[PDB]
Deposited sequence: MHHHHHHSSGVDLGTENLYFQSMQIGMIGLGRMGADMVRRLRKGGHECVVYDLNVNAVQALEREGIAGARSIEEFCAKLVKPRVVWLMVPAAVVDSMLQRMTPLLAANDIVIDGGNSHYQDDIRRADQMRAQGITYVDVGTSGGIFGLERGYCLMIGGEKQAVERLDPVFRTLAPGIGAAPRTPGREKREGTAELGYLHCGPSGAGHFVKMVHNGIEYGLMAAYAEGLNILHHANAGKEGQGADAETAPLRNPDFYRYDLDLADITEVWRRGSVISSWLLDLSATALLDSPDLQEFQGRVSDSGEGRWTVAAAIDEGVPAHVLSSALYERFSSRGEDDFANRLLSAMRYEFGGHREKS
């Protein structure tokens, strides 16, 4: 059992505070936005009206968790570090690029503060089922953080054991993993999202082929397929069953033609392709998934006009 300060009280920050506390830890929360801080006080969680009070309320060695917008992080660290102390641990659990972690961890180390990066997967489902956690930073900090990660993670019961897993040690089976030195956590999280784009694109394209199976040799394209039912049937016994398939089946059940649904993207997909390119790794599928999101917003438009022009 530990005391954890949380800065950044959006949905994720607030949900992680709820899970941590429900798991027996003590939380102090802070946010530039007083209504946000006050929402959590209404739930019995200690607040703080400034970064000075927040640091005052946390006993040394401190553990500070950040769930703020990426572009807010450096300013956050600047405002706070002068009240922090050697042996403190600061964790950035947000959507920061791993090269920023490497620089940040360096600056904090110059003041005896250990900076830990955490890539978080699970979104709104994490509250009850736990979050998948990809952790970068110094071993000592990460080991001291163990009780926090155990509460946050799903625990081994979240899935059948992999045959032979008893041959290995570490925490991989619990749903959280120390991936490496500073940055490694966000680096693995980035690629996670890149892969996620690819998986979604593969289902999407495939179902689009089914959706057009009535295009009608028109005689070979006169199928009126039931996509809701087809995705449902794939959940059992097929090679392509997955959480993403489960979600597709749910949506399609509600709305067989998705008529109440332009796809945005948040960065990790983009950063994944950039890392592929730096490393010289072929990334056709991951990049095309990304580009499909761009074109879905009409960013292909000017290329299309030139095509019409030439022709």
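**Q** No C-alpha coordinates anywhere in a stretch? Then put that deposited-sequence range on the list, in order along the chain.
**A** Missing C-alpha atoms (numbering from 1) occur across the ranges 1-21, 238-251, 297-298, 349-358.
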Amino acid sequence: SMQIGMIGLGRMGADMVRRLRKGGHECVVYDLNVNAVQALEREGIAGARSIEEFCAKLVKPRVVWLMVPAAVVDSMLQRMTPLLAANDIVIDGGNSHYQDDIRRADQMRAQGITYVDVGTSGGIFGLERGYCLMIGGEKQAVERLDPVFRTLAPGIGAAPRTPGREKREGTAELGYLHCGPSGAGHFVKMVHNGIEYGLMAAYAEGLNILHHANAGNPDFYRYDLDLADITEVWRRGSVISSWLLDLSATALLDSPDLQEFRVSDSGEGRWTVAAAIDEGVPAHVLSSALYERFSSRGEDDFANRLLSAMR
From here on, numbers count along this sequence of modelled residues.
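**Q** Hey, which bit's got the bigger mean C-alpha B factor in the entry, 178-186 or 80-88?
**A** 80-88 has the higher mean C-alpha B-factor.
**Q** Give the stretch, out of 67-75 and 113-121, with the larger mean C-alpha temperature factor in the deposited entry.
**A** Result: 67-75.
**Q** Please work out which residue in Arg236, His212, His97, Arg165 has the highest C-alpha B-factor recorded for this crystal structure.
**A** Comparing C-alpha B-factors across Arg236, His212, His97, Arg165, the top value belongs to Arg165.
**Q** Checking the entry, which one of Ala56, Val263, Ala275, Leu245 has the top C-alpha B factor?
**A** The record points to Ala56.
**Q** Where does the C-alpha B-factor of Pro282 rank in its chain, lowest, middle or highest third?
**A** Lowest third.
**Q** Could you look up the Cα B-factor of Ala158 in the entry and say which third of the chain it sits in: lowest, middle or highest?
**A** According to the entry, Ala158 has a C-alpha B-factor in the chain's highest third.
**Q** When the deposited Cα B-factors of this chain's modelled residues are ordered and cut into thirds, is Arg62 in the lowest, the middle or the highest one?
**A** For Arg62, the deposited C-alpha B-factor lands in the middle third.
**Q** Taking the chain's C-alpha temperature factors as the reference, tell me which third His192 falls into: lowest, middle or highest.
**A** Tercile = lowest for this residue's CA B-factor.
**Q** Name the third of the chain's ranked CA B-factors that contains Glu205, choosing lowest, middle or highest.
**A** For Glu205, the deposited C-alpha B-factor lands in the lowest third.
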